[PDB]
Structures are given as C-alpha cells and as structure tokens.
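Note sheet for the following structure.
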Amino acid sequence: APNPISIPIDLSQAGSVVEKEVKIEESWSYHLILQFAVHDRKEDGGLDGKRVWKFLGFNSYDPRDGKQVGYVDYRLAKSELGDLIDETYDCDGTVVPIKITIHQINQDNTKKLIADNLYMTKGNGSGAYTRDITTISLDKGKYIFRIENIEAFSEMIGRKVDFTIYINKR
C-alpha cells in the first residue's frame, strides 16, 4: 500500500522540464498519469470541469497495453459539452506530448538510463480529470524521473497539473 508521488508540471510552456528523485518501495507495476485541477462545481456552473473534459477527450485507453477500452461518438460529446465544441471535435482529446526519462540510481551512486520515451498522450484516464500515460514495472529502489512537456497549451495557463506515480492494484 505505498503512497502515490505527485510532481507538479507546467503544460502552458514548451520545453518545461521537472526532475525529481523517486523511491520505489515495492517491486510492482505503477501507473504514470497526469491529474488536472478543476474549479469546484459549486463555484462555477460546472463550466471549468467541462473545459477540462473537452481538453482530455472522451475515449479511454488501458495504460497497461494501450488497448482502447472506451469509445465515444461526437453526438455524445456534443450532448455533454454543447457550444464548447463543433463538429470537428476529436474524442481522443488534445494530444499532449510528454517525454519521460528515467535513471536508476546504482549502489555506487552512478546513474543508469533505463527509459527515455516520448508519449503522445491522449484520452480520458480512469480517475477524476486524469489522463493515463503508461504503466511500468519498477523494482524496489531509487530513480530519477525527468518529465518534459514538449508543446505549449494556452488552455493550461495558470492551471495546476500533477505528474503522478501510483501503484497498480490489479
């Protein structure tokens, strides 16, 4: 039952990089996701939630293997979002390229590059206002995660977004 780790990132600026040391307590598989903050529904008309939904998309993909597990047609997205979208709307949402680089810290404190991957992230993740990036098997140990946002998204200006690692419980 390890606690999730969250790393704030900035999707409004191209080339924004964040680097953090990450300790894996249990050899298991872990979900890597983005979590978007949203104004409470009580505050606004629910409008902020709808804009974030619009950005994320409606289709869903399993982070473990990339299989599509959720399909949604334009008609339903139009019913949900109304005037926020037009008929060119893609239910995959806005594609957000994220580059993840992972080094393992060795016993002698040298660093070993074990992954360097560009994800063309898309779709609507399992949790609330999330986008699922990937699932990765990590052994117990210490790692450096470097997360780079490739493109600028003006919709994300001033908005908090977390890169999050949490254990896959199934």
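By convention in this document, the chains of the structure tokens carry letters A, B, ... by their order, each chain's residues are numbered from 1, and ligands are numbered from 1 in the order they are shown.
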
Identify, on the basis of only C-alpha atoms, every residue whose closest approach to residue 5 of chain A does not exceed 9 Å; exclude the query and any residue fewer than 3 positions from it along the same chain; express the result as an MDAnalysis selection string.
chainID A and resid 22 163:166

Can I get the selected residues back with C-alpha atoms, as a compact mmCIF listing (two decimals), in the first residue's frame?
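selection.txt, freshly written:
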```txt
# COMPACT_ATOMS: atom_id res chain seq x y z
CA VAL A 22 11.66 8.87 -6.72
CA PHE A 163 2.50 14.12 -12.92
CA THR A 164 1.61 11.23 -10.62
CA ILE A 165 3.03 7.74 -9.94
CA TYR A 166 0.86 5.29 -8.07
```

List every residue of chain A that DSSP, applied to the backbone of this structure, assigns to alpha helix (DSSP H), and report them as a compact mmCIF listing (two decimals) with N, CA and C atoms, in the first residue's frame.
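Saved to states.txt:
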```txt
# COMPACT_ATOMS: atom_id res chain seq x y z
N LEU A 47 -18.62 24.79 -15.38
CA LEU A 47 -18.01 25.15 -16.64
C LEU A 47 -16.55 24.75 -16.73
N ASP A 48 -15.80 24.94 -15.64
CA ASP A 48 -14.37 24.64 -15.68
C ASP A 48 -14.17 23.13 -15.91
N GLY A 49 -14.99 22.33 -15.26
CA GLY A 49 -15.00 20.89 -15.44
C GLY A 49 -15.22 20.49 -16.89
N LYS A 50 -16.19 21.14 -17.54
CA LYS A 50 -16.45 20.87 -18.95
C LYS A 50 -15.29 21.26 -19.86
N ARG A 51 -14.61 22.35 -19.56
CA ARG A 51 -13.49 22.74 -20.42
C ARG A 51 -12.37 21.73 -20.28
N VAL A 52 -12.17 21.23 -19.06
CA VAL A 52 -11.12 20.25 -18.84
C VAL A 52 -11.47 18.92 -19.48
N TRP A 53 -12.73 18.51 -19.33
CA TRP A 53 -13.22 17.35 -20.06
C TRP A 53 -12.97 17.51 -21.57
N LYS A 54 -13.31 18.66 -22.11
CA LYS A 54 -13.11 18.90 -23.54
C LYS A 54 -11.64 18.66 -23.95
N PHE A 55 -10.72 19.22 -23.17
CA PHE A 55 -9.27 19.08 -23.40
C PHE A 55 -8.82 17.60 -23.31
N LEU A 56 -9.26 16.89 -22.27
CA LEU A 56 -8.90 15.47 -22.09
C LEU A 56 -9.43 14.54 -23.19
N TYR A 74 -19.00 11.66 -31.45
CA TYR A 74 -19.26 13.09 -31.41
C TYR A 74 -20.63 13.45 -30.84
N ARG A 75 -21.69 12.74 -31.24
CA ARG A 75 -23.03 13.07 -30.72
C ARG A 75 -23.08 13.14 -29.19
N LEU A 76 -22.42 12.21 -28.52
CA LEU A 76 -22.46 12.19 -27.05
C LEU A 76 -21.61 13.29 -26.46
N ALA A 77 -20.42 13.48 -27.01
CA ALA A 77 -19.59 14.61 -26.61
C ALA A 77 -20.35 15.92 -26.81
N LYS A 78 -21.13 16.02 -27.88
CA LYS A 78 -21.90 17.25 -28.14
C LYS A 78 -23.01 17.41 -27.09
N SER A 79 -23.64 16.30 -26.71
CA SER A 79 -24.64 16.33 -25.65
C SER A 79 -24.03 16.78 -24.32
N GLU A 80 -22.83 16.29 -24.01
CA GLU A 80 -22.15 16.69 -22.78
C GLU A 80 -21.69 18.15 -22.80
N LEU A 81 -21.07 18.57 -23.91
CA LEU A 81 -20.35 19.85 -23.95
C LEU A 81 -21.04 21.02 -24.66
```

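Atom pair atom CA of residue 24 of chain A / atom CA of residue 159 of chain A: separated by 28.2 Å.
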
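Using only C-alpha atoms, the contacts of segment 69-71 of chain A at a cut-off of 8 Å, with sequence neighbours closer than 6 positions omitted, comprise residues 58, 59, 60, 61 and 62 of chain A.
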
Residues from the last selection, C-alpha atoms, saved as an mmCIF file, in the first residue's frame:
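The result, written out as out.cif:
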```cif
data_model
loop_
_atom_site.group_PDB
_atom_site.id
_atom_site.type_symbol
_atom_site.label_atom_id
_atom_site.label_comp_id
_atom_site.auth_asym_id
_atom_site.auth_seq_id
_atom_site.Cartn_x
_atom_site.Cartn_y
_atom_site.Cartn_z
ATOM 1 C CA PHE A 58 -13.898 11.089 -24.099
ATOM 2 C CA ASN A 59 -12.175 7.962 -25.473
ATOM 3 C CA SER A 60 -10.331 5.736 -22.991
ATOM 4 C CA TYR A 61 -7.219 3.566 -23.362
ATOM 5 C CA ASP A 62 -5.764 0.977 -20.949
#
```

If you run DSSP on the backbone, which residues of chain A are strand (DSSP E), as an mmCIF file with N, CA, C and O atoms, in the first residue's frame?
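So part-v3.cif came out as:
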```
data_model
loop_
_atom_site.group_PDB
_atom_site.id
_atom_site.type_symbol
_atom_site.label_atom_id
_atom_site.label_comp_id
_atom_site.auth_asym_id
_atom_site.auth_seq_id
_atom_site.Cartn_x
_atom_site.Cartn_y
_atom_site.Cartn_z
ATOM 1 N N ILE A 5 3.056 9.410 -5.534
ATOM 2 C CA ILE A 5 4.005 10.509 -5.617
ATOM 3 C C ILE A 5 3.510 11.457 -6.695
ATOM 4 O O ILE A 5 3.178 11.015 -7.794
ATOM 5 N N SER A 6 3.439 12.750 -6.383
ATOM 6 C CA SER A 6 2.991 13.746 -7.367
ATOM 7 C C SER A 6 4.046 14.809 -7.637
ATOM 8 O O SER A 6 4.679 15.317 -6.725
ATOM 9 N N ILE A 7 4.225 15.143 -8.910
ATOM 10 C CA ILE A 7 5.217 16.108 -9.334
ATOM 11 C C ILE A 7 4.492 17.195 -10.140
ATOM 12 O O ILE A 7 3.958 16.914 -11.209
ATOM 13 N N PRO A 8 4.449 18.429 -9.615
ATOM 14 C CA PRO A 8 3.762 19.488 -10.354
ATOM 15 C C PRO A 8 4.469 19.775 -11.656
ATOM 16 O O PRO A 8 5.689 19.897 -11.670
ATOM 17 N N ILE A 9 3.710 19.868 -12.746
ATOM 18 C CA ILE A 9 4.282 20.262 -14.024
ATOM 19 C C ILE A 9 3.471 21.386 -14.684
ATOM 20 O O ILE A 9 2.306 21.623 -14.334
ATOM 21 N N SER A 16 9.174 22.823 -20.891
ATOM 22 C CA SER A 16 9.213 22.858 -19.435
ATOM 23 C C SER A 16 9.655 21.487 -18.916
ATOM 24 O O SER A 16 9.072 20.458 -19.279
ATOM 25 N N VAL A 17 10.688 21.487 -18.071
ATOM 26 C CA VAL A 17 11.255 20.254 -17.512
ATOM 27 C C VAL A 17 11.184 20.258 -15.985
ATOM 28 O O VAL A 17 11.444 21.287 -15.363
ATOM 29 N N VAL A 18 10.812 19.115 -15.398
ATOM 30 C CA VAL A 18 10.921 18.904 -13.968
ATOM 31 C C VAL A 18 11.629 17.579 -13.696
ATOM 32 O O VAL A 18 11.397 16.589 -14.378
ATOM 33 N N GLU A 19 12.510 17.568 -12.698
ATOM 34 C CA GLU A 19 13.288 16.379 -12.382
ATOM 35 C C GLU A 19 13.164 16.074 -10.886
ATOM 36 O O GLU A 19 13.424 16.939 -10.057
ATOM 37 N N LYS A 20 12.730 14.871 -10.529
ATOM 38 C CA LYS A 20 12.710 14.505 -9.113
ATOM 39 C C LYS A 20 13.192 13.085 -8.833
ATOM 40 O O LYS A 20 13.021 12.183 -9.657
ATOM 41 N N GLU A 21 13.818 12.903 -7.675
ATOM 42 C CA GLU A 21 14.191 11.578 -7.228
ATOM 43 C C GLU A 21 12.947 10.893 -6.694
ATOM 44 O O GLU A 21 12.113 11.496 -6.031
ATOM 45 N N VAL A 22 12.840 9.616 -6.996
ATOM 46 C CA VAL A 22 11.656 8.873 -6.719
ATOM 47 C C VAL A 22 12.069 7.548 -6.110
ATOM 48 O O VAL A 22 12.904 6.829 -6.673
ATOM 49 N N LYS A 23 11.466 7.218 -4.974
ATOM 50 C CA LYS A 23 11.771 5.979 -4.291
ATOM 51 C C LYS A 23 10.641 4.985 -4.464
ATOM 52 O O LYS A 23 9.517 5.244 -4.063
ATOM 53 N N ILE A 24 10.949 3.849 -5.080
ATOM 54 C CA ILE A 24 10.012 2.742 -5.199
ATOM 55 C C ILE A 24 10.232 1.742 -4.051
ATOM 56 O O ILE A 24 11.309 1.139 -3.947
ATOM 57 N N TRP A 28 6.789 -3.703 -8.213
ATOM 58 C CA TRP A 28 5.459 -3.945 -8.763
ATOM 59 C C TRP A 28 5.270 -3.102 -10.032
ATOM 60 O O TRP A 28 6.235 -2.510 -10.551
ATOM 61 N N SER A 29 4.044 -3.042 -10.546
ATOM 62 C CA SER A 29 3.787 -2.171 -11.682
ATOM 63 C C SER A 29 3.136 -0.901 -11.156
ATOM 64 O O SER A 29 2.438 -0.935 -10.120
ATOM 65 N N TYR A 30 3.387 0.200 -11.864
ATOM 66 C CA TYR A 30 2.957 1.532 -11.444
ATOM 67 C C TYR A 30 2.353 2.292 -12.583
ATOM 68 O O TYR A 30 2.906 2.342 -13.676
ATOM 69 N N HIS A 31 1.237 2.943 -12.306
ATOM 70 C CA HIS A 31 0.640 3.833 -13.278
ATOM 71 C C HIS A 31 1.319 5.190 -13.235
ATOM 72 O O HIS A 31 1.589 5.720 -12.148
ATOM 73 N N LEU A 32 1.551 5.753 -14.423
ATOM 74 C CA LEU A 32 2.018 7.124 -14.585
ATOM 75 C C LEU A 32 0.882 7.904 -15.233
ATOM 76 O O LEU A 32 0.391 7.509 -16.283
ATOM 77 N N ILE A 33 0.456 9.000 -14.607
ATOM 78 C CA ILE A 33 -0.725 9.716 -15.102
ATOM 79 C C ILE A 33 -0.552 11.204 -14.922
ATOM 80 O O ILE A 33 0.340 11.657 -14.192
ATOM 81 N N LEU A 34 -1.410 11.973 -15.582
ATOM 82 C CA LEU A 34 -1.492 13.391 -15.298
ATOM 83 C C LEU A 34 -2.823 13.650 -14.625
ATOM 84 O O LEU A 34 -3.868 13.156 -15.091
ATOM 85 N N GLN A 35 -2.804 14.453 -13.564
ATOM 86 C CA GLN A 35 -4.020 14.855 -12.860
ATOM 87 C C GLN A 35 -4.209 16.357 -12.966
ATOM 88 O O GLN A 35 -3.310 17.127 -12.586
ATOM 89 N N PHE A 36 -5.380 16.755 -13.468
ATOM 90 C CA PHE A 36 -5.722 18.164 -13.700
ATOM 91 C C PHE A 36 -6.609 18.719 -12.590
ATOM 92 O O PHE A 36 -7.644 18.134 -12.268
ATOM 93 N N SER A 60 -11.164 6.247 -24.070
ATOM 94 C CA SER A 60 -10.331 5.736 -22.991
ATOM 95 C C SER A 60 -9.454 4.582 -23.469
ATOM 96 O O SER A 60 -9.915 3.715 -24.223
ATOM 97 N N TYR A 61 -8.212 4.567 -22.981
ATOM 98 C CA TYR A 61 -7.219 3.566 -23.362
ATOM 99 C C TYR A 61 -6.573 2.971 -22.109
ATOM 100 O O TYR A 61 -6.244 3.695 -21.175
ATOM 101 N N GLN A 68 -7.837 0.234 -26.589
ATOM 102 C CA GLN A 68 -8.977 1.112 -26.415
ATOM 103 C C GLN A 68 -10.062 0.425 -25.584
ATOM 104 O O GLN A 68 -10.545 -0.655 -25.956
ATOM 105 N N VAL A 69 -10.441 1.032 -24.461
ATOM 106 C CA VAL A 69 -11.482 0.427 -23.615
ATOM 107 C C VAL A 69 -12.697 1.327 -23.524
ATOM 108 O O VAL A 69 -13.721 0.949 -22.949
ATOM 109 N N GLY A 70 -12.586 2.524 -24.093
ATOM 110 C CA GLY A 70 -13.709 3.454 -24.126
ATOM 111 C C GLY A 70 -13.811 4.174 -25.466
ATOM 112 O O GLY A 70 -12.860 4.833 -25.934
ATOM 113 N N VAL A 96 -1.196 15.503 -25.955
ATOM 114 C CA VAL A 96 -0.143 16.198 -25.203
ATOM 115 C C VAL A 96 1.146 15.350 -25.160
ATOM 116 O O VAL A 96 1.204 14.336 -24.468
ATOM 117 N N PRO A 97 2.165 15.765 -25.925
ATOM 118 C CA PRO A 97 3.443 15.041 -25.978
ATOM 119 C C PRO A 97 4.197 15.283 -24.701
ATOM 120 O O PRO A 97 4.417 16.434 -24.341
ATOM 121 N N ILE A 98 4.579 14.200 -24.040
ATOM 122 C CA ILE A 98 5.293 14.239 -22.776
ATOM 123 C C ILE A 98 6.488 13.321 -22.944
ATOM 124 O O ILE A 98 6.343 12.166 -23.363
ATOM 125 N N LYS A 99 7.670 13.820 -22.622
ATOM 126 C CA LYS A 99 8.847 12.975 -22.662
ATOM 127 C C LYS A 99 9.245 12.596 -21.249
ATOM 128 O O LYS A 99 9.505 13.465 -20.393
ATOM 129 N N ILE A 100 9.284 11.291 -21.006
ATOM 130 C CA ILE A 100 9.712 10.774 -19.713
ATOM 131 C C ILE A 100 11.048 10.058 -19.810
ATOM 132 O O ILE A 100 11.209 9.109 -20.583
ATOM 133 N N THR A 101 12.002 10.525 -19.014
ATOM 134 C CA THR A 101 13.317 9.898 -18.906
ATOM 135 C C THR A 101 13.520 9.361 -17.497
ATOM 136 O O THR A 101 13.289 10.072 -16.530
ATOM 137 N N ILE A 102 13.936 8.104 -17.380
ATOM 138 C CA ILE A 102 14.151 7.503 -16.069
ATOM 139 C C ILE A 102 15.562 6.925 -15.921
ATOM 140 O O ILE A 102 15.972 6.071 -16.714
ATOM 141 N N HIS A 103 16.278 7.398 -14.898
ATOM 142 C CA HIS A 103 17.540 6.788 -14.467
ATOM 143 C C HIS A 103 17.391 6.037 -13.151
ATOM 144 O O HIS A 103 16.737 6.510 -12.221
ATOM 145 N N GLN A 104 18.015 4.865 -13.064
ATOM 146 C CA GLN A 104 18.076 4.180 -11.775
ATOM 147 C C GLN A 104 19.357 4.628 -11.095
ATOM 148 O O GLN A 104 20.392 4.751 -11.741
ATOM 149 N N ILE A 105 19.282 4.887 -9.795
ATOM 150 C CA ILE A 105 20.477 5.195 -9.018
ATOM 151 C C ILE A 105 21.118 3.880 -8.550
ATOM 152 O O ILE A 105 20.484 3.111 -7.839
ATOM 153 N N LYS A 111 24.473 6.528 -12.196
ATOM 154 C CA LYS A 111 23.107 6.517 -12.705
ATOM 155 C C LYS A 111 23.047 5.709 -13.992
ATOM 156 O O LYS A 111 23.924 5.810 -14.839
ATOM 157 N N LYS A 112 22.039 4.860 -14.102
ATOM 158 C CA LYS A 112 21.858 4.036 -15.288
ATOM 159 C C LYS A 112 20.578 4.502 -15.982
ATOM 160 O O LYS A 112 19.521 4.519 -15.360
ATOM 161 N N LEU A 113 20.667 4.887 -17.252
ATOM 162 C CA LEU A 113 19.464 5.262 -18.022
ATOM 163 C C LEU A 113 18.668 3.997 -18.283
ATOM 164 O O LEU A 113 19.173 3.075 -18.893
ATOM 165 N N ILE A 114 17.438 3.906 -17.810
ATOM 166 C CA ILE A 114 16.680 2.715 -18.165
ATOM 167 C C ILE A 114 15.473 2.959 -19.092
ATOM 168 O O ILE A 114 14.942 2.010 -19.663
ATOM 169 N N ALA A 115 15.032 4.206 -19.223
ATOM 170 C CA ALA A 115 13.961 4.521 -20.173
ATOM 171 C C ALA A 115 14.061 5.966 -20.638
ATOM 172 O O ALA A 115 14.366 6.848 -19.845
ATOM 173 N N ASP A 116 13.793 6.198 -21.922
ATOM 174 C CA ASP A 116 13.690 7.563 -22.463
ATOM 175 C C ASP A 116 12.613 7.508 -23.542
ATOM 176 O O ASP A 116 12.859 7.004 -24.647
ATOM 177 N N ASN A 117 11.405 7.950 -23.198
ATOM 178 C CA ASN A 117 10.233 7.720 -24.048
ATOM 179 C C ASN A 117 9.404 8.988 -24.277
ATOM 180 O O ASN A 117 9.125 9.740 -23.342
ATOM 181 N N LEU A 118 8.997 9.204 -25.519
ATOM 182 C CA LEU A 118 8.095 10.292 -25.849
ATOM 183 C C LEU A 118 6.701 9.678 -25.976
ATOM 184 O O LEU A 118 6.506 8.789 -26.804
ATOM 185 N N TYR A 119 5.762 10.105 -25.122
ATOM 186 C CA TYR A 119 4.383 9.637 -25.189
ATOM 187 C C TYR A 119 3.511 10.703 -25.819
ATOM 188 O O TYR A 119 3.481 11.832 -25.342
ATOM 189 N N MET A 120 2.808 10.331 -26.887
ATOM 190 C CA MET A 120 1.768 11.160 -27.457
ATOM 191 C C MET A 120 0.461 10.917 -26.680
ATOM 192 O O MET A 120 -0.462 10.225 -27.145
ATOM 193 N N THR A 121 0.383 11.472 -25.484
ATOM 194 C CA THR A 121 -0.734 11.128 -24.595
ATOM 195 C C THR A 121 -2.069 11.623 -25.163
ATOM 196 O O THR A 121 -2.138 12.648 -25.902
ATOM 197 N N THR A 130 -8.291 12.947 -15.166
ATOM 198 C CA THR A 130 -6.943 12.415 -15.341
ATOM 199 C C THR A 130 -6.693 12.030 -16.790
ATOM 200 O O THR A 130 -7.616 11.753 -17.574
ATOM 201 N N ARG A 131 -5.427 12.002 -17.147
ATOM 202 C CA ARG A 131 -5.055 11.367 -18.392
ATOM 203 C C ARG A 131 -3.994 10.306 -18.075
ATOM 204 O O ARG A 131 -2.995 10.597 -17.406
ATOM 205 N N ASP A 132 -4.259 9.075 -18.503
ATOM 206 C CA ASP A 132 -3.383 7.936 -18.260
ATOM 207 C C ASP A 132 -2.270 7.946 -19.317
ATOM 208 O O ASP A 132 -2.552 8.017 -20.514
ATOM 209 N N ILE A 133 -1.011 7.913 -18.880
ATOM 210 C CA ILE A 133 0.122 7.918 -19.809
ATOM 211 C C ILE A 133 0.602 6.495 -20.093
ATOM 212 O O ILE A 133 0.588 6.022 -21.243
ATOM 213 N N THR A 134 1.049 5.811 -19.046
ATOM 214 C CA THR A 134 1.542 4.445 -19.210
ATOM 215 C C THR A 134 1.567 3.710 -17.857
ATOM 216 O O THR A 134 1.338 4.306 -16.798
ATOM 217 N N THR A 135 1.799 2.406 -17.924
ATOM 218 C CA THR A 135 2.020 1.582 -16.735
ATOM 219 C C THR A 135 3.384 0.921 -16.899
ATOM 220 O O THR A 135 3.677 0.360 -17.958
ATOM 221 N N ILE A 136 4.214 0.977 -15.861
ATOM 222 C CA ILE A 136 5.580 0.483 -15.951
ATOM 223 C C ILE A 136 5.945 -0.378 -14.721
ATOM 224 O O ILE A 136 5.609 -0.030 -13.571
ATOM 225 N N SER A 137 6.630 -1.494 -14.966
ATOM 226 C CA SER A 137 7.096 -2.330 -13.867
ATOM 227 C C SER A 137 8.419 -1.788 -13.342
ATOM 228 O O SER A 137 9.407 -1.780 -14.069
ATOM 229 N N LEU A 138 8.434 -1.358 -12.076
ATOM 230 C CA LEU A 138 9.655 -0.852 -11.425
ATOM 231 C C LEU A 138 10.027 -1.734 -10.230
ATOM 232 O O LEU A 138 9.157 -2.111 -9.431
ATOM 233 N N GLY A 141 13.731 0.395 -5.307
ATOM 234 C CA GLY A 141 14.960 1.121 -5.495
ATOM 235 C C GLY A 141 14.736 2.606 -5.619
ATOM 236 O O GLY A 141 13.656 3.107 -5.325
ATOM 237 N N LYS A 142 15.771 3.304 -6.081
ATOM 238 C CA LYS A 142 15.751 4.747 -6.216
ATOM 239 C C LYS A 142 15.929 5.117 -7.675
ATOM 240 O O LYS A 142 16.739 4.503 -8.375
ATOM 241 N N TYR A 143 15.188 6.133 -8.120
ATOM 242 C CA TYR A 143 15.179 6.543 -9.524
ATOM 243 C C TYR A 143 15.170 8.069 -9.666
ATOM 244 O O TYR A 143 14.706 8.786 -8.771
ATOM 245 N N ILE A 144 15.687 8.559 -10.787
ATOM 246 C CA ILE A 144 15.471 9.944 -11.176
ATOM 247 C C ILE A 144 14.474 9.979 -12.330
ATOM 248 O O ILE A 144 14.721 9.412 -13.404
ATOM 249 N N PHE A 145 13.344 10.646 -12.106
ATOM 250 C CA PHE A 145 12.378 10.869 -13.160
ATOM 251 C C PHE A 145 12.543 12.278 -13.702
ATOM 252 O O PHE A 145 12.540 13.250 -12.960
ATOM 253 N N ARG A 146 12.687 12.389 -15.007
ATOM 254 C CA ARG A 146 12.697 13.691 -15.641
ATOM 255 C C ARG A 146 11.478 13.747 -16.555
ATOM 256 O O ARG A 146 11.260 12.849 -17.366
ATOM 257 N N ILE A 147 10.672 14.791 -16.399
ATOM 258 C CA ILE A 147 9.433 14.920 -17.159
ATOM 259 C C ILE A 147 9.458 16.248 -17.902
ATOM 260 O O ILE A 147 9.617 17.300 -17.288
ATOM 261 N N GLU A 148 9.332 16.178 -19.224
ATOM 262 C CA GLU A 148 9.393 17.345 -20.074
ATOM 263 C C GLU A 148 8.094 17.469 -20.860
ATOM 264 O O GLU A 148 7.649 16.520 -21.516
ATOM 265 N N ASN A 149 7.474 18.638 -20.751
ATOM 266 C CA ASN A 149 6.320 18.991 -21.565
ATOM 267 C C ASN A 149 6.812 19.564 -22.894
ATOM 268 O O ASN A 149 7.479 20.606 -22.933
ATOM 269 N N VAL A 161 -1.386 21.097 -12.780
ATOM 270 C CA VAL A 161 -1.376 19.734 -13.289
ATOM 271 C C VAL A 161 -0.264 18.964 -12.544
ATOM 272 O O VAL A 161 0.837 19.489 -12.370
ATOM 273 N N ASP A 162 -0.566 17.747 -12.088
ATOM 274 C CA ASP A 162 0.420 16.886 -11.427
ATOM 275 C C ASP A 162 0.765 15.703 -12.322
ATOM 276 O O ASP A 162 -0.131 15.047 -12.872
ATOM 277 N N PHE A 163 2.050 15.445 -12.493
ATOM 278 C CA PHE A 163 2.501 14.124 -12.919
ATOM 279 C C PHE A 163 2.499 13.220 -11.686
ATOM 280 O O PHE A 163 3.115 13.539 -10.662
ATOM 281 N N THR A 164 1.803 12.093 -11.780
ATOM 282 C CA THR A 164 1.614 11.227 -10.615
ATOM 283 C C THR A 164 1.984 9.757 -10.868
ATOM 284 O O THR A 164 1.639 9.188 -11.906
ATOM 285 N N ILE A 165 2.704 9.166 -9.914
ATOM 286 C CA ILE A 165 3.033 7.737 -9.943
ATOM 287 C C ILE A 165 2.297 7.056 -8.810
ATOM 288 O O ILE A 165 2.455 7.425 -7.632
ATOM 289 N N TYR A 166 1.464 6.079 -9.138
ATOM 290 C CA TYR A 166 0.863 5.288 -8.072
ATOM 291 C C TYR A 166 0.813 3.796 -8.418
ATOM 292 O O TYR A 166 0.831 3.404 -9.590
ATOM 293 N N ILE A 167 0.757 2.960 -7.388
ATOM 294 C CA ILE A 167 0.918 1.531 -7.586
ATOM 295 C C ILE A 167 -0.313 0.990 -8.294
ATOM 296 O O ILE A 167 -1.420 1.454 -8.043
#
```

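Picture a line from atom CA of residue 128 of chain A to atom CA of residue 38 of chain A; it runs 9.7 Å.
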
To one decimal place, how far is atom CA of residue 156 of chain A from atom CA of residue 42 of chain A in Å?
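Answer for the atom CA of residue 156 of chain A to atom CA of residue 42 of chain A separation: 21.2 Å.
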